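One chain follows as structure tokens, the form solved without the named molecule.
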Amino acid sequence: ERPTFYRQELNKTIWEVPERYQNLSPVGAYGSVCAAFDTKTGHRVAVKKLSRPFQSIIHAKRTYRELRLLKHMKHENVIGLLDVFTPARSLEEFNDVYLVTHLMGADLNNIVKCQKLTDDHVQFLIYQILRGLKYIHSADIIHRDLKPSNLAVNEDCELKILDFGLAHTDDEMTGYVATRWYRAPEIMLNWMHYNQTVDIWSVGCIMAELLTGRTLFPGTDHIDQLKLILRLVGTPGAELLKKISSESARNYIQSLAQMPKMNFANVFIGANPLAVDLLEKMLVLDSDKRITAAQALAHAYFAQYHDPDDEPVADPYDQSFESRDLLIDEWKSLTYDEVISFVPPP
């Protein structure tokens, strides 16, 4: 049952992996990554060795969360898990976890670097993001970190979502940084309990950038970015103000002079009118009123790609562990069980 493993030191790290994985070559604070050839499947793969997976309760729970999420995702537009392994022969000697995925090449940044695309390409790329999001959201999973560097794209314009948000620090979100430019305002400023609607805001920011070739809200800090957002979509009325928990945040918003929603046809000059209409439905300040992924797939902008018989939902996903309090060794045992029960895809 257990494959034979072989050891080797590559760039200060000891790697112990099954013989099927050959010609390892380093490529990249959560772990180290090597490219390899998988002789069992013929795929070029990424092998990630997790760093200190069980060093604290918070870190042990995060390791379990990542493995549970990756084992669930089975969709053409979402990254999936090809393999997971440990060299340990028992729970008592279990310390290291390795994750194997398809090796990804270019991301959406490269396809879009200072450059804008034709309308048919925008339709196909955004269609695939929304198809993957319908699947993710149907399992009550929120990505939280959608942005161009987290979207893999090949030469045939085919797209996969990767790098789910596993719960980024304060410093990573400070200043003139792409890590914040795609985030919905309610999460950027901690206005309220957020939900899956945050991902639709991010899609609107991505779609705008594909149409213009430029970042939509390139703020120099949180407040500068909020000002750019409210200039486009308008300042909020009392209905949304009542939904913001912090009195300080409400006071700050009301200190700003009121502004109307702008004409999106005069911002996205020359865009397909159906693209303008869809952007107006995604980039809505009140998250309760944003279009959902399932609704957006039926919008006329996607008429040439929409097939309601080929837009699947996910199997139900059990997240009850998120509210559970366990010790390090208990999270470690749960992770071990998930490693040993893995069944590879066809």
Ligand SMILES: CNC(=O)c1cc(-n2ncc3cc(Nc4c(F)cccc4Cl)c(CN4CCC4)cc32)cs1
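Rigid core here is just the name for the largest C-alpha set that superposes within 1.5 Å across the two forms. We number the residues from 1 along the sequence you see.
Among other compared entries that model residues flanking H75, every one gives it coordinates, keeping it clear of the one-third cutoff. Looking at the other PDB entries for this protein, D171 is absent from the model in a third or more of those that include the residues around it. According to the record, 1 to 3 deposited residues between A167 and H168 are left without atomic coordinates. The deposited sequence places 1 to 3 unmodelled residues between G28 and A29. Higher mean CA temperature factor between 101-109 and 220-228: 101-109, per the PDB entry.
For the pair 30-38 and 297-305, the mean Cα B-factor is higher in 30-38. Note on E322, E9, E19, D337: the highest value goes to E9, judged by CA B factor as recorded.
Each of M192, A275, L162, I141 has a CA temperature factor in the record; the biggest one is found at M192.
Among all modelled residues in its chain, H72 ranks in the lowest third by Cα B-factor.
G237 sits in the highest third of its chain by CA B factor, as recorded in the PDB entry. In this PDB entry, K281 carries a Cα temperature factor that places it within the lowest third of its chain's modelled residues. The PDB entry assigns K61 a C-alpha temperature factor belonging to the middle third of its chain's modelled residues. The entry lists a Cα temperature factor for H121 that places it in the middle third of the chain's modelled residues.
If you look for the form solved in complex with the named molecule, you will not find it shown, but the lines that follow are about it.
Overlaying the named molecule from its position in the deposited complex puts 3 or more ligand atoms within 2.4 angstroms of backbone or C-beta atoms here, which marks the pocket as blocked.
Mapping the unseen interface onto this chain, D163 counts among the residues with a heavy atom inside 4.5 Å of the named molecule in the deposited complex. With a 4.5 Å cutoff on heavy atoms, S138 does not count as touching the named molecule in the deposited complex; it lies far away. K48 belongs to the set of residues with a heavy atom inside 4.5 Å of the named molecule in the deposited complex.
The named molecule is not drawn, but in the deposited complex it has no heavy atom within 4.5 Å of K134. Annotation for 98-115: interface residues with the named molecule in the deposited complex are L99, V100, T101, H102, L103, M104, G105, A106, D107 [heavy atom within 4.5 Å].
Considering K243, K74, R214, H121, one residue stands apart with a C-alpha shift of at least 2 Å between this form and the one not shown following superposition on the core, and it is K243. With the core superposed, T41 shows a C-alpha displacement of at least 2 Å between this form and the one not shown. Compared with the form shown, the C114-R183 C-alpha separation increases in the deposited complex, the change being 3 Å or greater. Cα-Cα spacing of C114 to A152 is reduced in the deposited complex versus the present form (difference of at least 3 Å).
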